[PDB]
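Chemist:
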């Protein structure tokens, strides 16, 4: 007739305790950060106009990458059998992106790549000609 | 027989909170980038489209980094097109830099116009075989 | 001695609450970190509620706190 | 220890790959060059991610990194 | 310190960079015993002696 | 004597440090996920500055002098250029060195010596444990402070209460003598550091829904 | 004889194998079956697993931990803890009359909309797993609360782990 | 150990577990969910029949339940009384309030260091058994003390 | 040598040759040409009859597959699914996509340090024989996994 409570697990550690203690505070700050940004400026248009999706892009992927950009893009082009193209020139500072995600369409993967790219670069698909184009920013 | 559990499982009550925080901060920062990006419509994008004439389907290995006019006259003579200018060349040259191994002259011209920016633009007429470089004031 | 005695037993010392976790899901009666919540009412020490003990080597048996008030029970008896 | 074991054996060390060659046409799992693609996830040493240790020494056991940081976790305490 | 490789240095900062015609990279940095690179997304460190 | 206690303190510090670095390495991906910087970087590879906000402050200057403020703001580290995103490994990764020198002078000979050896060793050991954890919590506090200041700059710029950085670039063609040449010259300079504003009209009030 | 994936949703037969291997005494096999399927032993095995059972008045409630009887950050179900689910269906066969309420619960990390969405998903998944085992659709109601009411607090980590839960209530009449 | 107190003063887990099992064997309802605890006591073994009077044996039960309640560090306690439908609304309501007042007063005189004692009674509004044949013997009339252990 | 690893961790190529021989003894096709490796599995040995459900006996085989797959330092793993012709076109496409999705999801849950997992299934578009007797009994309905060993 002994007693128990439903969480019972493997042992913990104090460093993980303090790490989560910091992490929840940064999470709260980022949440209100995003909320006040979302109200203070109005969204206009999502990227779905300049990148649509078409047939054979629907093959799926689990991807973990934390390096530079264009070789990952070339891997995706080799997956899609789409011809790769670069526009502009890369700056001397490399542009680094990190992806930790699993089981998405390639279209939404590339949309997320475009969103994480920021102002440094952009990507478009011309599906009638099956061309995947990456353009750089023309500053500096 | 044996369905194995996941290997790097968050089996600690602090690290599940840690992973939840990771998910939250990922989605929030994705939202931040999504609302802050500026895009352009492809309805009126200022990139030169492909002229798709038969004279412009060959392949080349081309490297250049300098003035624009000699390079564009050379590629025009390669395509057997006459070349013409509009406007006055500036005191400083509009500098471009293209180095590639194997693609076609249509996208060569497209990348040239993309690196031209607001200083100049390019034009192709395939009916009368001409290529025009248009400066900006 | 057994903090989670006659039950599941010791899991770990959570430093957030400063408590042992019993294997049955209860916080222990013991403590494990000094940053816990103790019902503290009684103390030791001399020259309390003043500047503490001034740590110099005095020539005499006089000992004075850092506010200038002295403590004769901290001082000796002669 | 036997790197190309259970095959014909060691052919030679391809230093472009930094890898041993087994006698059948398959790559080993050992190395021969220090310029090799090896994953490194644990390190030794002090004053890491700093300027490194100072070649000069202190009279005490204080150790000071080259970029001005002082590492007590390498130093000796009292 | 001066370094020549074909990887992508990440952590300790640098002052001057150069790239050849073939992706060979050269960097000029402050002295540090440890480098950080991303090979193919996997992140790795480099142990450097002599300092 | 106390030498066993001191060397046990050293050993406990080392062992706790090694286990801490092991755990910190093993939990890897979410760490750099939550501490992004390159998503937070500014336009011209500029590390944006760090800001501090304090609320509802009272100072007693002396006997019969008090000052009350509602919100105070302070720029901690001035923004500058950068070539790489800073990472957490220069904030969190503890140092490690194996202590290979137990000084073989005071080895025990009697069981009472063994007893005091054991007890002094274990209390030194727990001292080293607690000291290492203190170092770790100081490091995590300082990196939390850095990131908080950076994101507070981001939302102050959202609230239109800081000047953005200002940059001019100068452009030249070919330069130099007949033996050394450069094709282009781009000189990238910043004139105005980001800073707070003092007027009253430009304050942008927020709302939610 | 049996399938670890839920015995292919079949109405199971456990005690016949027991009396067969006991004959390999019929009466001792039958009373061993009685002692095994007896309700107190079911509840004691449920307490041997990490399942909380509360009986009070006329209303009976069950508490399930998400992190071992779910998959993380998903409405996917872990297949390892199938004995708990088989015991759950075996126990809930005893009260074939009253309605069932199921609720889902989270901690306080992230967007409020995100918490409500996840709780809604977990509640719907548990409800339909209950639905497939035999009880018809008119007797079920599902709800995913956020952190709107807690059995515990969230300043301390183990308390926060105790907070996230799945709640089962059933009446009698 | 010489200055640091190892455990909380005057509490032991073995004592807590043993006395909780003793209460459950006595049949007084004891329930623990999370950091929250609910103790339910039937009215018939405590009070006089529909009347605020005390048997002399009930002080022993109050004694041991106060000794158990001293084992936990507490902050706020709630005392709620429930009755049977007997005559009116307000007669039963005031009976519940008087019963709650007496038990709360004796507990507050005893050694529980609660910052807050809240007391109320609601008569026979929410029952927990539709079978309402009995009067004061029926289990729907009772008293409950609910509280939350903090940290 | 005492501080540098003499080999990549978890490597015993003698055991790798042993398990590769055992895999071909099982009859699962192991193909090694160049640095590109191919593993082919009949679909009847994995699923039910045109179903996207894992047979519970197959998890041991899956564990063997992952134990082989953990050995080699890699980048990208491609999963292709092939089927027979049963009712329509998109039905077979969807079934292949689901099957490849399930094996990719369990493998990505398991510890194979790739960076890229690509998955696609195409139905009955590239058969490997003209022999079309059975349904899922026929050897063309299958799952292939390919990769290139890097460095």
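Chains as they are written, first to last, in the deposited numbering: chain CD, 23 to 162; chain Cd, 24 to 160; chain BN, 39 to 116; chain CN, 39 to 116; chain DH, 311 to 361; chain KC, 60 to 268; chain CL, 42 to 65, 88 to 236; chain BK, 38 to 188; chain CK, 38 to 188. Ideal Cβ positions, reconstructed from N, Cα and C, are used throughout, including at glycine.
(1) Roughly how many angstroms separate the alpha carbons of residue 201 of chain CL and residue 207 of chain CL, rounded to a whole number?
(2) Taking buried to mean at least 16 other C-beta atoms within 10 Å of its own C-beta, is residue 167 of chain KC buried or exposed?
(3) Nearest to residue 92 of chain BN by CA position, among BN:69, BN:109, BN:80 and BN:77, is which residue?
(4) With a Cβ-Cβ cutoff of 7 Å, do residue 106 of chain BK and residue 149 of chain BK count as a contact?
(5) What first and last residue would you give for the alpha helix (DSSP H) that runs through residue 177 of chain KC?
(6) Tell me the rounded alpha-carbon separation between residue 108 of chain Cd and residue 103 of chain CD.
(7) What runs of the beta strand (DSSP E), each 3 residues or longer, lie entirely inside the segment 91–177 of chain BK?
(8) Taking DSSP as the reference, what is the three-state secondary structure of residue 47 of chain CL?
(9) Confirm, please, whether the CB-CB distance from residue 154 of chain KC to residue 103 of chain CN is below 7 Å.
(10) At what residues does the alpha helix (DSSP H) containing residue 329 of chain DH begin and finish?
(11) In this structure, does DSSP put residue 75 of chain Cd in helix, strand or coil?
(12) Check the Cβ of residue 321 of chain DH against every Cβ in chain KC and list those closer than 9 Å, keeping chain order.
(13) I think residue 118 of chain CK touches residue 158 of chain CK, with their Cβ atoms under 8 Å apart; what is that distance to the nearest whole Å?
(14) So the beta strand (DSSP E) residue 118 of chain KC belongs to, where does it begin and stop?
(15) For residue 11 of chain CK, which residues in chain DH fall below 8 Å Cβ to Cβ?
(16) Under a Cβ-count criterion, where at least 16 other Cβ atoms within 10 Å of its own Cβ denotes burial, should residue 79 of chain CN be classed as buried or exposed?
(17) Which chain CN residues sit within Cβ distance under 7 Å of residue 361 of chain DH?
(18) Need the endpoints of the alpha helix (DSSP H) that residue 56 of chain BK sits in, please.
(19) Are the beta-carbon atoms of residue 227 of chain CL and residue 168 of chain CL separated by less than 7 Å?
(20) Give every residue of the same chain whose Cβ lies closer than 6 Å to the Cβ of residue 101 of chain KC, excluding the five residues on either side of it in the sequence, and list them in chain order.
(21) Can you look up residue 146 of chain CL in the DSSP assignment and give me helix, strand or coil?
(22) Secondary structure at residue 53 of chain CL, three-state DSSP: helix, strand or coil?
(23) Is there a C-beta anywhere in chain CN that falls below 7 Å from the one on residue 198 of chain KC?
(24) So, does the segment 77–84 of chain CD touch the segment 237–245 of chain KC, judging by three or more C-beta pairs under 8 Å?
(25) Count the other C-beta atoms from every protein chain shown that fall within 10 angstroms of the C-beta of residue 168 of chain BK, then say buried if there are 16 or more, exposed otherwise.
(26) Can you tell me the Cα-Cα spacing of residue 50 of chain Cd and residue 66 of chain CD, whole angstroms?
(27) Is the number of C-beta pairs between the segment 73–90 of chain KC and the segment 138–157 of chain KC that are closer than 8 Å three or more?
(28) For the alpha helix (DSSP H) containing residue 58 of chain Cd, name the first residue and the last one.
(29) Report the CB separation of residue 152 of chain CK from residue 154 of chain CD in whole angstroms; it is logged as a contact under 8 Å.
(30) Take the Cβ of residue 132 of chain KC as the centre, count every other Cβ of all protein chains shown within 10 Å, and call the residue buried at 16 or more, exposed below.
(31) Helix, strand or coil, according to DSSP, for residue 213 of chain CL in the structure here?
(32) Which residues mark the beginning and the end of the alpha helix (DSSP H) in which residue 111 of chain CD is found?
(33) Does any residue of chain Cd have a CB that is nearer than 7 Å to the CB of residue 224 of chain CL?
(34) What residue does the beta strand (DSSP E) around residue 246 of chain KC start on, and which one ends it?
(35) Leaving out the 5 sequence neighbours to the left and right, which residues in its chain are closer than 8 Å to residue 344 of chain DH when beta-carbon positions are compared?
(36) Buried or exposed for residue 93 of chain Cd, going by 16 or more other Cβ atoms inside 10 Å?
Modeler: Taking the geometry as given:
(1) Translated into the one-based positions of the seventh chain, residue 201 of chain CL becomes position 138. Translated into the one-based positions of the seventh chain, residue 207 of chain CL becomes position 144. Rounded to the nearest angstrom, the gap between the Cα atoms of residue 201 of chain CL and residue 207 of chain CL is 19 Å.
(2) Mapped onto the sixth chain, residue 167 of chain KC falls at position 108. With fewer than 16 Cβ atoms within 10 Å of its Cβ, residue 167 of chain KC is classed as exposed.
(3) Walking along the third chain from the start, residue 92 of chain BN turns up at place 54. Sorting BN:69, BN:109, BN:80 and BN:77 by C-alpha distance to the C-alpha of residue 92 of chain BN places BN:109 at the top.
(4) As a working mapping, residue 106 of chain BK is identified with position 69 in the eighth chain. As a working mapping, residue 149 of chain BK is identified with position 112 in the eighth chain. Their beta carbons are under 7 Å apart, which means residue 106 of chain BK touches residue 149 of chain BK by this criterion.
(5) Locating residue 177 of chain KC in the sixth chain gives position 118, counting from the first residue. Segment 170–217, the alpha helix (DSSP H) holding residue 177 of chain KC.
(6) Against the second chain, residue 108 of chain Cd aligns to sequence position 85. Against the first chain, residue 103 of chain CD aligns to sequence position 81. Rounded to whole angstroms, residue 108 of chain Cd to residue 103 of chain CD spans 39 Å at the Cα level.
(7) Counting whole runs of 3 or more residues, the segment 91–177 of chain BK contains the beta strand (DSSP E) stretches 113–119 and 153–160.
(8) Counting from 1 along the seventh chain, the entry for residue 47 of chain CL is found at position 6. In the structure shown, residue 47 of chain CL sits in a helix (DSSP, three-state: H, G or I).
(9) Translated into positions along the fourth chain, residue 103 of chain CN becomes position 65. Translated into positions along the sixth chain, residue 154 of chain KC becomes position 95. Remark: C-beta atoms of residue 103 of chain CN and residue 154 of chain KC do not approach each other more closely than 7 Å.
(10) Mapped onto the fifth chain, residue 329 of chain DH falls at position 19. Note, residue 329 of chain DH: premise wrong, no alpha helix (DSSP H); beta strand (DSSP E) at 326–329.
(11) In the second chain, counting from the first residue as 1, residue 75 of chain Cd sits at position 52. Coil, per DSSP.
(12) Taking the fifth chain and counting its residues from 1, one reaches residue 321 of chain DH at position 11. The contact set of residue 321 of chain DH on chain KC, defined by CB atoms closer than 9 Å, consists of 143, 145, 146, 148 and 149 in chain order.
(13) For the purposes of this step, residue 118 of chain CK is taken as the residue at position 81 of the ninth chain. For the purposes of this step, residue 158 of chain CK is taken as the residue at position 121 of the ninth chain. The pair is a contact, with the Cβ atoms about 3 Å apart (cut-off 8 Å).
(14) As a first step, residue 118 of chain KC must be located in the sixth chain, where it is residue number 59. Note, residue 118 of chain KC: beta strand (DSSP E), 110–121.
(15) Here chain CK covers residues 38 to 188 and nothing more, so residue 11 of chain CK does not appear.
(16) Your numbering for residue 79 of chain CN matches position 41 in the fourth chain. Exposed, because fewer than 16 other Cβ atoms sit within 10 Å of the Cβ of residue 79 of chain CN.
(17) Taking the fifth chain and counting its residues from 1, the one referred to as residue 361 of chain DH is at position 51. Here the neighbours are 90.
(18) For the purposes of this step, residue 56 of chain BK is taken as residue 19 along the eighth chain, with counting starting at 1. That run of the alpha helix (DSSP H) goes 50–63.
(19) Position 164 of the seventh chain holds residue 227 of chain CL. Position 105 of the seventh chain holds residue 168 of chain CL. Closer than 7 Å, so yes.
(20) On the sixth chain, residue 101 of chain KC is found 42 positions in, with the first residue counted as 1. For residue 101 of chain KC, the CB contacts under 6 Å within the same chain, skipping 5 residues up- and downstream, are 107 in chain order.
(21) Against the seventh chain, residue 146 of chain CL aligns to sequence position 83. Assignment of residue 146 of chain CL by DSSP, reduced to helix, strand and coil, places it in the helix class.
(22) In the seventh chain, counting from the first residue as 1, residue 53 of chain CL sits at position 12. Correct three-state label for residue 53 of chain CL: coil.
(23) Taking the sixth chain and counting its residues from 1, one reaches residue 198 of chain KC at position 139. For residue 198 of chain KC, the answer is no, since every Cβ of chain CN falls outside 7 Å of its Cβ.
(24) Touching, no.
(25) Within the eighth chain, the letter at position 131 stands for residue 168 of chain BK. Residue 168 of chain BK comes out exposed.
(26) Numbered from 1 along the second chain, position 27 holds the residue referred to as residue 50 of chain Cd. Numbered from 1 along the first chain, position 44 holds the residue referred to as residue 66 of chain CD. For residue 50 of chain Cd and residue 66 of chain CD, the gap between their C-alpha atoms comes out near 19 Å.
(27) The segment 138–157 of chain KC and the segment 73–90 of chain KC touch, with three or more beta-carbon pairs separated by less than 8 Å.
(28) Translated into the one-based positions of the second chain, residue 58 of chain Cd becomes position 35. Per DSSP, the unbroken alpha helix (DSSP H) holding residue 58 of chain Cd starts and ends at 36–59.
(29) Start at 1 with the first residue of the ninth chain, and residue 152 of chain CK comes out as number 115. Start at 1 with the first residue of the first chain, and residue 154 of chain CD comes out as number 132. The C-beta separation of residue 152 of chain CK from residue 154 of chain CD comes to about 19 Å, leaving the pair out of contact by the 8 Å criterion.
(30) Here residue 132 of chain KC corresponds to residue number 73 of the sixth chain, with the count starting at 1. With fewer than 16 other Cβ atoms within 10 Å, it is exposed.
(31) Reading the seventh chain from its first residue, position 150 is the one you call residue 213 of chain CL. Residue 213 of chain CL sits in coil when the DSSP states are folded into three classes, being neither helix nor strand.
(32) Numbered from 1 along the first chain, position 89 holds the residue referred to as residue 111 of chain CD. In this chain, residue 111 of chain CD is not harboured by any alpha helix (DSSP H), its DSSP state being neither H nor E.
(33) What you label residue 224 of chain CL is simply residue 161 of the seventh chain in a count that begins at 1. Closer than 7 Å to some Cβ of chain Cd, the Cβ of residue 224 of chain CL qualifies, so yes.
(34) Along the sixth chain, one-based indexing puts residue 246 of chain KC at 187. Its beta strand (DSSP E) spans residues 244–251.
(35) Counting from one through the fifth chain, the residue named residue 344 of chain DH turns up at place 34. Within the same chain, and ignoring the five residues on either side of residue 344 of chain DH in sequence, the residues whose Cβ sits closer than 8 Å to its Cβ are 321, 322, 355, 356, 357 and 358.
(36) Walking along the second chain from the start, residue 93 of chain Cd turns up at place 70. With fewer than 16 other Cβ atoms from the protein chains shown falling within 10 Å of its own Cβ, residue 93 of chain Cd counts as exposed.
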